[PDB]
Participant: 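This structure is in structure tokens; I'll ask about it shortly.
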Amino acid sequence: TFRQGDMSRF
Amino acid sequence: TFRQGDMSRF
Amino acid sequence: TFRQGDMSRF
Amino acid sequence: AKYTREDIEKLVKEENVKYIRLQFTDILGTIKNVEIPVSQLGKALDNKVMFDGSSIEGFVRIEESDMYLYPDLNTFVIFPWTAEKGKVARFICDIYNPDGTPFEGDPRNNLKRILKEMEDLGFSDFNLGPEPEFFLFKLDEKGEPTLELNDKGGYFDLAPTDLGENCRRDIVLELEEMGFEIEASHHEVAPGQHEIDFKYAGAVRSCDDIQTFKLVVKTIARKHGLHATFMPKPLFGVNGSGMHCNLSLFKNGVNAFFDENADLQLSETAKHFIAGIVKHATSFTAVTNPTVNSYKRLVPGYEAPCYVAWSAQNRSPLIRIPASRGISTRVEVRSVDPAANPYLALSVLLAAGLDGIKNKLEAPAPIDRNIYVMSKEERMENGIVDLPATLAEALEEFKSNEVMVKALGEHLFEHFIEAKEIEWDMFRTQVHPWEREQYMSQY
Amino acid sequence: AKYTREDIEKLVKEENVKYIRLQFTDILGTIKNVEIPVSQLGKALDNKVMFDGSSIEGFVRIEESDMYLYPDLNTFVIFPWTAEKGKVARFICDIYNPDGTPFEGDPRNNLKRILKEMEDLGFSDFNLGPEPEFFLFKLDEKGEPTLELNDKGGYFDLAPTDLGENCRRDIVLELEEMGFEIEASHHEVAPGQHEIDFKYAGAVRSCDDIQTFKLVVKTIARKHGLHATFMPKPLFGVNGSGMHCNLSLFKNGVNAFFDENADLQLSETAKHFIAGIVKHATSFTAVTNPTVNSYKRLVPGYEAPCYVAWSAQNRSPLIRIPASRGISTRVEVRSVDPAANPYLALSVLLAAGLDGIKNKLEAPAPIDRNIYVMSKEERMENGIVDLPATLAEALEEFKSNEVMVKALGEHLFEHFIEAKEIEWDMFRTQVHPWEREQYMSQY
Ligand SMILES: NC(=O)CC[C@H](N)C(=O)O
Ligand SMILES: NC(=O)CC[C@H](N)C(=O)O
Ligand SMILES: [Mg+2]
Ligand SMILES: [Mg+2]
Ligand SMILES: [Mg+2]
Ligand SMILES: [Mg+2]
């Protein structure tokens, strides 16, 4: 996790 | 009876 | 009770 | 005076009015009129138009009776809705017997009689500031009211906003263009509930403005595809609708309720008025709350009054005294609902207040400790008594009060009692759907 | 000053305004008003309009209370949406007791009191620059919000493009036409999420602009067939909406946070302010994050803060210090969400900062090590603590803090606590569809 909003495009 | 037209609203 | 209209939104 | 005969004739001459409504108010408070062409304006202004005076009695009329239709010149109003070929104007008229005596069965004449009695006590004016509130219901395809509210607004909320709609704003502006003196407006506690406050004026003028306000609000709401109702409690579990009445008594042009050197800045006359209102509160409830639905509003938990007490700051007091003082010193009676006849309600309130003043009754101590906390027996030992719970109970209380009987005279008393007894009898024998939902399958 | 009385009368005279909204803000932050006709403008400007001041308390109001409606002349704004017969203008007003004392229950008056306390410490101005984020949802045929976003945009993307739509562009231009000072705008990280930044201004002016911005954004989005919401976290698994607050303290007209000869180019006053904010961060979270949904945003992985720390460059720090220095030296608090009451949030933030300044508290070391890597126990031994996880926990923390209680006074404290406790109790007893999806078939 720790990065979900940015990588939500995938 | 004796009053039907006036009391017809009820 | 004692307060129903004010808390009616909930 | 505001208008004279020449002014009226000239105004109708240029404005090209063809229809004149000589409107008046019956026992039940609904607006009645007889209509004449503009060619009969001269006969109307001569106090010569006859009509059936029994129409004031409502549905309990038994015999036709000829009455005169003396119009009031100061009430002349031109309706903004043109009737195609010509405009429509209205007069609010008094009812007179064929011998020239004012008709004792006219609520407006009864209010004038009570005001004359007040002037006999040394006072000059009796000002009323009303706070009528109403609900707005959406209409369906067939143009009949539904149970859906126009907005899910709140107390003093900016709910309607801009971008069209805002029927309250349109009503306020239109009333301003008709000569009304609107003080302020806001969204009420319940969804789809609104309030518009007028500036205080004389009692007769205030009642006339109340009737005109009801008519105009209904018409404008109908224009916007909405239904406006002054029903005291259209929905269960939701805030009701009141017509809080701010009463101020004037003597020699100054407020008689104000006394800077007394406690609460209240004069002895104000205390006597409060005592008079308290003493007869359970008796005039039948007049100020004349419908069966009126007593579904008088239930605890919705800020409507339920007990006879007065206060400066309390949860739902019967009598509230606003913080403003001086010329604006007034006593507010919050039991009145918009369904009440304004003339009759003002008559009974003024009669109770004068009874308090005439006998110098002692006002009870104000309550500031939330009477709702204790039980009914835990407060009966004090001066706090309960308002009538049903229309029949209020009718029983009203009949027994000798003073309140003369507040509206024998004719009005008998006809009002007969009509209300018939209304209650029709209600008590009905089988409501609630009963079937509760007992059809259980038993 | 920007407007005088004569300017107000002249402007309404040419612009032909008929409706005036005397708007104010309650405890929950929703915009309330009492509306008057233009004929009452003279009475309004005389600080004589009365209203029920209990409406500030919201749904926890008990008793009617009369208060005055002192308007602010500099807040006069003419709404661009003409209301048929005449225009609409607004005043943002302060609430005053009938004796002329400002009402202690008014959030705006509370903010003014906190600003007076700040001036008593030698400082002159407290500037705020907000970064409100909002979502745009498409409306359905019945004109109610749906769960579909207006665009599949990204961070700083040129997603809306030309050829119509671009509701953000229209909002920015319209706000510019109304006198707002828009700094910059961009598409936010989440799809259908947008941000518009204002120029920094005074605290009271900034809060008034925030309220007006919410109103205008909602209205314009409604015009474009869209729903604009400032909900902190409308959707799960998607970035939430924040209202990052850039705070700058001025002394004698110069920035008091800037010191060219110190490390990080930061003055000792700035370090004391940061220490004060850090000390009370867990306590004022209930005010800056007043809703149940506010704490669904405060979860890791979406750039929202979750721990009490300050830094110059880090992943989701509670306090961030922008690289710009000199006049533009400021401290950014990123925990604030747009659902917070601007006046109350600014009051508690300023109170915490002044508490840090008054007691000369020592700021902790900045965090530049990605505390998300280390465990909660692996960071508890440091000065890093977690923000409250739920609204109830934040309420418990807020009650215990003595300084934050005086930050808004006893009246606001009791009413806010009561309202938030009722709100939490309503939420915790509900059975959500997630529970049925998880347990109805499994058990
Ligand atoms: N909060 C109010 O003033 C509303 C009064 C309430 N609707 C009543 O029926 O009396
Ligand atoms: N990139 C950003 O600054 C977005 C911030 C994030 N949306 C929040 O809620 O704090
Ligand atoms: Mg009201
Ligand atoms: Mg009232
Ligand atoms: Mg952002
Ligand atoms: Mg930011």
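Remember, it's 1-based here, ligands and their atoms both numbered in the order they're listed. Every chain is numbered from 1 and lettered A, B, ... according to where its sequence line falls, protein lines coming before strand lines.
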Participant: Looking only at protein heavy atoms, which one is nearest to atom 9 (O) of ligand 1, and how far off is it?
Facilitator: D:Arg297 NH1, 2.8 Å
Participant: Just let me know how D:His244 lines up against ligand 1, side chain, backbone, both or neither, with a heavy-atom cut-off below 4.0 Å.
Facilitator: side chain
Participant: Do any nitrogen or oxygen atoms of D:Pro305 lie less than 3.5 angstrom from nitrogen or oxygen atoms of ligand 1?
Facilitator: no
Participant: Among protein heavy atoms, which lies nearest atom 2 (C) of ligand 1, and at what distance?
Facilitator: D:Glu188 OE2, 3.4 Å
Participant: Below 4.0 angstrom from a heavy atom of D:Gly242, which ligand 1 atoms are there? Numbered from 1 as shown, please.
Facilitator: 9 (O)
Participant: Please report the C-alpha distance between D:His194 and D:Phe135 in whole Å, then the side-chain angles of each, then the deciding distance to 0.1 Å, and finally whether the ring pair (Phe, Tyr, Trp, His ring centres under 6.0 Å) criterion is met.
Facilitator: CA-CA 6 Å; D:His194 316 264; D:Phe135 278 90; 8.4 Å; no
Participant: Considering the heavy atoms of D:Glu303, write down every atom of ligand 1 situated less than 4.0 Å from one of them.
Facilitator: 1 (N)
Participant: Are any N, O or S atoms from E:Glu131 nearer to the Mg ion (ligand 5) than 2.8 Å?
Facilitator: no
Participant: Would you check, one step at a time, whether the test ring pair (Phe, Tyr, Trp, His ring centres under 6.0 Å) holds for E:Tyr372 with E:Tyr307?
Facilitator: CA-CA 9 Å; E:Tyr372 283 83; E:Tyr307 320 115; 5.3 Å; yes
Participant: Ring-plane angle category for E:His186 and E:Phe156, please: parallel below 30°, perpendicular beyond 60°, tilted otherwise.
Facilitator: parallel
Participant: Side chains of D:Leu387 and D:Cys306: closer than 4.5 Å at any heavy-atom pair?
Facilitator: no
Participant: Compare all side-chain heavy atoms of E:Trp310 with those of E:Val331 and state whether any distance is below 4.5 angstrom.
Facilitator: no
Participant: Quick one: report the N, O or S atom of E:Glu133 that is nearest to the Mg ion (ligand 5).
Facilitator: OE2
Participant: Find all atoms of ligand 1 within a distance of less than 4.0 Å from any non-hydrogen atom belonging to D:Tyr155, and give their numbers and elements.
Facilitator: 1 (N), 3 (O)
Participant: Where the Mg ion (ligand 5) is the corner point, what angle links OE1 of E:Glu195 with OE1 of E:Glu188, to 10°?
Facilitator: 70°
Participant: Considering only heavy atoms from C-beta outward, does the side chain of E:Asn150 approach that of E:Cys167 to under 4.5 Å?
Facilitator: no
Participant: Determine the interplanar angle of the E:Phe213 and E:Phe134 rings, folded into 0 to 90°, and report it as parallel if under 30°, tilted if 30 to 60°, perpendicular if over 60°.
Facilitator: perpendicular
Participant: Can you pull out the closest protein heavy atom to atom 6 (C) of ligand 1? Residue, atom name and distance to 0.1 Å, please.
Facilitator: D:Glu133 OE2, 3.5 Å
Participant: Using a 4.0 Å heavy-atom threshold (strictly under), name the region of D:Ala190 that reaches ligand 1: side chain, backbone, both or neither.
Facilitator: neither
Participant: Is there side-chain contact between D:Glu303 and E:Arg61, with at least one heavy-atom pair below 4.5 Å?
Facilitator: yes
